[PDB]
Amino acid sequence: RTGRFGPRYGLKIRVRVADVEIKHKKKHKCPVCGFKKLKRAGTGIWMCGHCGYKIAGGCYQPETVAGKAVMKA
Amino acid sequence: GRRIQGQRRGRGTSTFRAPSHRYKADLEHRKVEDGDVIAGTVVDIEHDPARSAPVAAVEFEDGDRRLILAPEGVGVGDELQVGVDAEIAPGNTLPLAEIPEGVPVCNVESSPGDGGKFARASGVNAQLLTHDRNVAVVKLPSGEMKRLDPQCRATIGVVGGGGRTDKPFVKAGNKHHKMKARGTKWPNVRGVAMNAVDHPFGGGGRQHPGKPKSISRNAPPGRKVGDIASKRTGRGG
Amino acid sequence: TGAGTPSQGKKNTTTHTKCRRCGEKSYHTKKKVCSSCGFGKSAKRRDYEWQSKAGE
RNA sequence: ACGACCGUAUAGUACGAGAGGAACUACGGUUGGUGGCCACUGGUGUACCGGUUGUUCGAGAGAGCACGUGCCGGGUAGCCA
RNA sequence: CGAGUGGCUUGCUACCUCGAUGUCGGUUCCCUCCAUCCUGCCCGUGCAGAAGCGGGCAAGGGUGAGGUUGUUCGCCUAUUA
RNA sequence: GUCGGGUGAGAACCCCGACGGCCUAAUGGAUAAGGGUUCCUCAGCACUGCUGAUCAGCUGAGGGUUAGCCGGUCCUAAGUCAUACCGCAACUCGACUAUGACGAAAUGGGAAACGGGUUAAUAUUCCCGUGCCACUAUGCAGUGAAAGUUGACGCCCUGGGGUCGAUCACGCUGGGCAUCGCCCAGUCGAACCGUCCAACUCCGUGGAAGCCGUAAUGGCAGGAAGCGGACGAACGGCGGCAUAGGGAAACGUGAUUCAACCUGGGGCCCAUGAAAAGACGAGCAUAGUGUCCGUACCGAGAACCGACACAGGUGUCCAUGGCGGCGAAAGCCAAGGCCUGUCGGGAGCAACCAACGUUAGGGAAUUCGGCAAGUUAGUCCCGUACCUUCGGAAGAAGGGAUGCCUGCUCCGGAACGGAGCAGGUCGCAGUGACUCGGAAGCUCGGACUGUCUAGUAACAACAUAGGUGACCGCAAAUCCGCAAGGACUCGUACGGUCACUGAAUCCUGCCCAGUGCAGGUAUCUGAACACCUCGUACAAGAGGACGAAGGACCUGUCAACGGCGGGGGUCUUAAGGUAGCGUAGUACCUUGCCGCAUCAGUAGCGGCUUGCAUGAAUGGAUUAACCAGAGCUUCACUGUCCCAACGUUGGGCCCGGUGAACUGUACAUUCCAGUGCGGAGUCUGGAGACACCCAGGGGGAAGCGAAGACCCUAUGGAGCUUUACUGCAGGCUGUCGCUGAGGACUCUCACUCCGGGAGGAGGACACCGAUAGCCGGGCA
RNA sequence: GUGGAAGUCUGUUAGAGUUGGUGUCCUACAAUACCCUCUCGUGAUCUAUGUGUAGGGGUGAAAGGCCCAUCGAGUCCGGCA
Ligand SMILES: [Cl-]
Ligand SMILES: [Cl-]
Ligand SMILES: [Cl-]
Ligand SMILES: [K+]
Ligand SMILES: [Mg+2]
Ligand SMILES: [Mg+2]
Ligand SMILES: [Mg+2]
Ligand SMILES: [Mg+2]
Ligand SMILES: [Mg+2]
Ligand SMILES: [Mg+2]
Ligand SMILES: [Mg+2]
Ligand SMILES: [Mg+2]
Ligand SMILES: [Mg+2]
Ligand SMILES: [Mg+2]
Ligand SMILES: [Mg+2]
Ligand SMILES: [Mg+2]
Ligand SMILES: [Mg+2]
Ligand SMILES: [Mg+2]
Ligand SMILES: [Mg+2]
Ligand SMILES: [Mg+2]
Ligand SMILES: [Mg+2]
Ligand SMILES: [Mg+2]
Ligand SMILES: [Mg+2]
Ligand SMILES: [Mg+2]
Ligand SMILES: [Mg+2]
Ligand SMILES: [Mg+2]
Ligand SMILES: [Mg+2]
Ligand SMILES: [Mg+2]
Ligand SMILES: [Mg+2]
Ligand SMILES: [Mg+2]
Ligand SMILES: [Mg+2]
Ligand SMILES: [Mg+2]
Ligand SMILES: [Mg+2]
Ligand SMILES: [Mg+2]
Ligand SMILES: [Mg+2]
Ligand SMILES: [Mg+2]
Ligand SMILES: [Mg+2]
Ligand SMILES: [Mg+2]
Ligand SMILES: [Mg+2]
Ligand SMILES: [Mg+2]
Ligand SMILES: [Mg+2]
Ligand SMILES: [Mg+2]
Ligand SMILES: [Mg+2]
Ligand SMILES: [Mg+2]
Ligand SMILES: [Mg+2]
Ligand SMILES: [Mg+2]
Ligand SMILES: [Mg+2]
Ligand SMILES: [Mg+2]
Ligand SMILES: [Mg+2]
Ligand SMILES: [Mg+2]
Ligand SMILES: [Mg+2]
Ligand code: NA
Ligand code: NA
Ligand code: NA
Ligand code: NA
Ligand code: NA
Ligand code: NA
Ligand code: NA
Ligand code: NA
Ligand code: NA
Ligand code: NA
Ligand code: NA
Ligand code: NA
Ligand code: NA
Ligand code: NA
Ligand code: NA
Ligand code: NA
Ligand code: NA
Ligand code: NA
Ligand code: NA
Ligand code: NA
């Protein structure tokens, strides 16, 4: 997490880097199969190490609050 | 005095140009004779150096292989379609007329066939509100209500990469790396920190702008700096 | 770093060379233009009235 | 090329109700200055002698280098305070 | 209130230098002046003594160390004849 | 450097030997650029060489550079040019769009070479031997043949394969030493041809419901382990090459750690890490062809740039030689190089100066200030405060240990790896040299890493993430161009432009009167064309009607410029200073008052505070961490001081040789006084004064150096500013032309934009040309 | 315990920078040098070569810094006696 930043940058900056990255690094449930093996491959790029499915998602999350509204509408 | 930075920009010298030779593709909707039959398969997902957002590689039926402005939720193997009769699923592109009102859209054309102009940055989207035989009313990400020819093509879904702005850069070095991929001069020296000869706000025994910051629309380049034709300033009221 | 003597050390770059057209060591091999006769820039020969006094 | 001060005897005296408290003279010492000197104390002393680290000359012996002594201990003459 | 002496301060003047006479303070090293702080020799005292106060001759010698401040100046401390 | 010796007319410095030293990422080896013959030989010394020279990078004359397989050449990169088109008064000018070409010699991509030998000087080029590539021809094979693969790729961590080197063991060959028995060198052998294959991926078998596996992550009924198999690596192993070559000889075998090279796994990105030619895909024999350019040498304390044989500057590779140790560190030493960072001889070698060692007792008294110097130091164990953004503070502080020798234990496959134990033992001192922090506290500033005045400023200044406001829907906002056109932009509001503030934390009050910007606007003002009236047989001209932007007027707006007082229990001019902070890096009075601390403190810190003249993104307060930033205090330390001494090395002094410059109206042995344009060696009066020379520290020559930077003057200059004067770009707006049909409206045919086209959008507007009004330090 | 992040620390590794000494030099070795000290040293890092931007114009993390010893408007020649 934010520990790599030492005593630099201040509270908000690193509290948010940790928050974003913790969610970022959480196990994510693949859209194709249902296994929790989705890992970020880069900015907005996600992939399942199980089946290999490579998806377009948010920058730090595979699903964004807006991408979800799409499914409905 | 000397030309101000905003003036050095226009000359298009190396310092101010985008590293175009390093860019991948000019994201534009494919051209279809008609019928809509055109479909393709997503072959890969790549990073777009010009937008800090993902983009999708697609192989079309007629052999054409082109990168595409990827909405969120598109993955390898998916089949995308482009045409009047395209199914109504995310990742597909069709004219605003064939799109059901109330659906989020991206990469909207300004005029039919221009390949897409609006809503293309990370995580954004337009909102098709009203239909008609003459006008398709779309709400752009800025919040504006835009009247467009219903023949203007668009892509179903919101642009991928949403939430990019949520994380702070934290350090100068991170901005640096991003700035190196854009047509921009960075870092930025404040005008008031310069000499009178270099900027209208330059000079003085201490740092402060000489005159008021709100400048007229009619001001000539070299003088148009600060708050341009500001209808108001501050936060109060 | 001193702009004088110490900065003279990096000067091992070849620019002006013997020109094919006029024979002067003025053909800038980087620009491919002779600063003396204009070769590479002009079919006509480089020449100006200010190269001599006004009434001569 | 000597200036000045402190102390002792004078004297708990002269003076003075008392409290307190001199001097001449003779002494001892200090301080500042001055000139010289090295028996004494002290400094230096890459003269010298010893110890010892690293390395090289195979070991030993005996040595070089480590800034103009590698470092540490002792230190004659001389020069000095 | 009146008469002066000095040429350290300040002010005035604009004589000297603008083809340049290197600044303040400090330091180091030398000479000097006396309107004398100490020392010598004296006079007066509201001079008992002791300790002083004031004055005269006198420039031989001495007039030191520190805390704040760039300070000069000055304030402060302990020594001091 | 020294002693001998060689050559020579001549020898400190040219050569030989010995002895003594210097250089170890360089003072060695190979090279890029750049130089250009400086390379080698012979002959020389008038020139050059910091002295000399028989020497030479000097002078003269000759000689020297050999390529199918090393580079160039070919490809394409950022980008450049040429032609066409268009612009421009015009071009040797100019942007776009086409086409074509150019653009990499160490260091991008890339068909192919190794070993030995040889010259005074070349060498993967010549010679000997061997190998290899491409093209073409002949012949056999082959119909396949272009899909695909490769070329071809970022940063961080890491496993495995593995050669050289280094080291260890043992044998052989040669050498060194001479109380031992040790120590050193060698022990060789290519390209290429052939073969082997770990990792990855995949197949079959198998059938795990908890097992499999890693340094780590991980893997699996969507099929784990095991087993069998396909594909598949090295500049590596192995065999050939090789009764080749090389060596005086022996002409080894194993091992560990393993640069090169090969091949995997993991992690990171608001960053995504070239392209093209070419190769592979796609067999073999024989033969022919393989032209053109480069190739010497230096590559630097003498061959390059810096006027010089200049202590400066100048890229790449050798990063694996030994000891040492964490180490590409120090110190010492090999290989290799050098004694050319090129003037010597003499004096115990004085004064004085440069670097520097040691100084008793005191210990910052020195000083603006601890400037300078000193102290501490490596490693292990113990232990560690306030504060804090919980990361840090921290190596806080403080305490202890540390060598050698003998015998051992533990970890590990092992190391010539690491961690310990017991006993013995020497010194003043065991990180014994070397290498190697002094520590603690208070306050100010900027959050941090970063940037900067090349050459007196490194800071508190700039930047920054973060906070905020402004403009813009893309035929945009902003900006460049005279134009043709162009940057932003392979971009599209989660964008990018224009500004302000400057991490975090707690916060950010009141004012829209002036100024700025913006919106609105009954009425007022507001140009030109067209229109109406007068005038003129026409015209000039006067006047009217209409009225755009703009202005008046109204409104919004301060995280817009900025403002936040005097008086009384409102007045100027809108408000009248809120949270906070405060004698401030802002406080004149001022060394403010009180306290802390000291013998004594214009300093420093804390409190008070009526603030000459604090205050909220002109940001206020505050703040952990960081800092060659400013001030202060303590411990430690010490030649900074009391107060100086002695010593070391290089000079200085004498001698040989070489050999400048500054400066010079003249005269000149001066001193004390005076005078003089008031600051005299020279005038006047006196005094003193025999001449010349050496060394010294610099009192005077208002010493030398520079037509004063300060100041003023000149109807001097320049940069900068603005509501100075006058104009000029640019923006807005009306009008005319392009421009057409039927104070408001439709249409389509010019014209503009979108679309490959069909066609769609817009449309007499816009663009462009002309002109009029307003704004207009952007510029002159 | 493993793992090995960082505009992270120590560091004369290479390399970059340039704080103090107001040392040496100041007709220099040098028209910006020498020595000691000192800062950075995985990153907004340093660097070679190629390449682009040109004078009221560039370039500028902004010092009026830099654009060949030349900068509050380069250099050359001309206007110009
Ligand atoms: Cl950004
Ligand atoms: Cl070559
Ligand atoms: Cl692995
Ligand atoms: K003057
Ligand atoms: Mg594009
Ligand atoms: Mg980060
Ligand atoms: Mg850029
Ligand atoms: Mg800034
Ligand atoms: Mg400034
Ligand atoms: Mg200006
Ligand atoms: Mg400010
Ligand atoms: Mg400001
Ligand atoms: Mg310059
Ligand atoms: Mg020695
Ligand atoms: Mg003088
Ligand atoms: Mg008297
Ligand atoms: Mg006297
Ligand atoms: Mg030669
Ligand atoms: Mg000869
Ligand atoms: Mg080419
Ligand atoms: Mg190459
Ligand atoms: Mg040779
Ligand atoms: Mg050669
Ligand atoms: Mg030399
Ligand atoms: Mg002492
Ligand atoms: Mg003191
Ligand atoms: Mg003092
Ligand atoms: Mg110091
Ligand atoms: Mg074991
Ligand atoms: Mg030590
Ligand atoms: Mg203060
Ligand atoms: Mg800072
Ligand atoms: Mg400077
Ligand atoms: Mg600094
Ligand atoms: Mg400096
Ligand atoms: Mg700042
Ligand atoms: Mg900001
Ligand atoms: Mg932001
Ligand atoms: Mg911002
Ligand atoms: Mg105070
Ligand atoms: Mg405010
Ligand atoms: Mg006379
Ligand atoms: Mg003058
Ligand atoms: Mg002036
Ligand atoms: Mg002027
Ligand atoms: Mg067009
Ligand atoms: Mg002007
Ligand atoms: Mg760092
Ligand atoms: Mg460091
Ligand atoms: Mg360059
Ligand atoms: Mg300035
Ligand atoms: Na200003
Ligand atoms: Na003068
Ligand atoms: Na003085
Ligand atoms: Na006296
Ligand atoms: Na004082
Ligand atoms: Na010599
Ligand atoms: Na092989
Ligand atoms: Na070693
Ligand atoms: Na750093
Ligand atoms: Na106002
Ligand atoms: Na206003
Ligand atoms: Na204020
Ligand atoms: Na810094
Ligand atoms: Na000393
Ligand atoms: Na003198
Ligand atoms: Na000027
Ligand atoms: Na952990
Ligand atoms: Na320095
Ligand atoms: Na100019
Ligand atoms: Na002229």
Side-chain angles (χ1 to χ4, degrees), chain A residues 3-13 42-43 59, chain B residues 2-3 6-7 9-14 16-18 20-21 23-27 31 47 49-52 110-114 117-124 140-142 144 146 149 151 162-165 167-178 180-181 183 187 189-198 208-209 211-223 225-237, chain C residues 1-12 14 32 38 41-44 50-51 54:
Chain A
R4 63 182 148 90
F5 292 152
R8 304 184 296 272
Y9 313 135
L11 283 180
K12 285 186 171 170
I13 271 175
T43 298
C59 277
Chain B
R2 300 159 76 192
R3 314 266 250 212
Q7 289 180 291
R9 271 187 79 227
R11 301 183 63 255
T13 52
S14 186
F16 306 95
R17 270 185 258 137
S20 300
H21 58 291
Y23 285 169
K24 294 185 183 179
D26 174 308
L27 311 170
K31 304 167 187 176
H47 168 80
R51 315 195 305 98
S52 287
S110 187
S111 95
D114 64 35
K117 307 282 191 193
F118 310 118
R120 332 211 329 163
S122 291
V124 303
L140 303 179
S142 75
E144 159 185 348
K146 188 73 164 180
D149 190 303
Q151 210 49 46
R164 186 188 51 202
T165 284
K167 195 179 188 184
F169 283 98
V170 186
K171 50 184 173 167
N174 289 350
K175 241 280 185 53
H176 175 99
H177 296 299
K178 179 187 188 187
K180 195 163 184 179
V189 176
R190 286 134 46 234
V192 162
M194 307 187 270
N195 285 313
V197 67
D198 289 318
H208 62 124
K211 309 174 190 162
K213 302 187 304 177
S214 299
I215 190 75
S216 159
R217 244 286 128 55
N218 307 320
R223 180 188 178 196
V225 301
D227 312 318
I228 302 172
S230 65
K231 304 183 199 70
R232 61 159 297 153
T233 58
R235 319 188 85 196
Chain C
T1 306
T5 311
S7 293
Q8 297 320 107
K10 303 175 190 185
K11 300 182 172 186
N12 64 346
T14 288
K32 299 309 177 188
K41 168 193 192 271
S42 173
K44 292 181 173 66
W50 47 258
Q51 290 170 313

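Letters go in sequence order (proteins before strands), and every chain restarts at 1.
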Enumerate the protein-to-nucleotides 448-451 of chain F contacts in which both atoms are nitrogen or oxygen and the separation is below 3.5 Å.
none

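For F:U492, the OP1/OP2 oxygens have a side-chain nitrogen or oxygen of B:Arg120 closer than 4.0 Å. Checking the phosphate oxygens (OP1, OP2) of F:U505, a side-chain nitrogen or oxygen of A:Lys12 falls inside 4.0 Å. Within the 4.0 Å cut-off from OP1 or OP2 of F:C488, not a single side-chain nitrogen or oxygen of B:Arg11 is found. The side chain of B:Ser20 contributes an N or O atom lying less than 4.0 Å from OP1 or OP2 of F:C490.
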Stepwise, does the side chain to side chain contact (heavy atoms under 4.5 Å, CB included) test hold for C:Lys11 with C:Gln8? CA-CA 6 Å; C:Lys11 300 182 172 186; C:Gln8 297 320 107; 2.8 Å; yes
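Scanning atom types as modelled, no donor and acceptor separated by under 3.5 angstrom connect the side chain of C:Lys11 and the base of F:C305.
Heavy atoms of B:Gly236 sit under 4.0 angstrom from primed sugar atoms or phosphate atoms, though from no base atom. Heavy atoms of B:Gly237 sit under 4.0 angstrom from primed sugar atoms or phosphate atoms, though from no base atom. At a threshold of 4.0 angstrom between heavy atoms, the contacts of B:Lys146 are confined to the sugar-phosphate backbone, with no base atom among them. Residue B:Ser216 is classed as a sugar-phosphate contact, given heavy-atom separations below 4.0 Å to backbone atoms only. In this structure, B:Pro141 reaches the bases: a heavy-atom distance under 4.0 Å links it to at least one base atom across the strands shown. As judged by a 4.0 angstrom heavy-atom cut-off over every strand, B:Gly162 is placed among the base-contacting residues. Heavy atoms of A:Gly6 sit under 4.0 angstrom from at least one base atom.
A nucleotide of RNA chain G counts as in contact with chain B when one of its atoms lies under 4.0 Å from a heavy atom; the first and last such, 5' to 3', are G:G7 to G:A73.
Pairing for F:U746 goes to F:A741, judged as Watson-Crick or G-U wobble with the two contacts each under 3.5 Å. Partner assigned to D:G36 is none, using Watson-Crick or G-U wobble distances below 3.5 angstrom.
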For RNA chain E, the expected dot-bracket line (Watson-Crick or G-U under 3.5 Å, [ ] crossing, | inter-strand) is ....................................(((((((((......))))))..)))..(((.......)))....
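Residue-to-nucleotide proximity on RNA chain F shows that, of B:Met194 and B:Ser122, the 5′-proximal contact is made by B:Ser122. In this structure, B:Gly6 and B:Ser111 both approach RNA chain F, and ranking their closest nucleotides by distance from the 5' end singles out B:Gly6.
The side chain of B:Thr165 approaches F:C494 more closely than any other nucleotide in the set F:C471, F:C561, F:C494.
Using atom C1' as the reference point in both F:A528 and F:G734, the two lie 8 Å apart (nearest Å). Between F:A461 and F:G611, the distance separating the two P atoms is 30 Å to the nearest Å.
Between F:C534 and F:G541 there is a base pair of the Watson-Crick or G-U wobble kind, both donor-acceptor distances falling below 3.5 Å.
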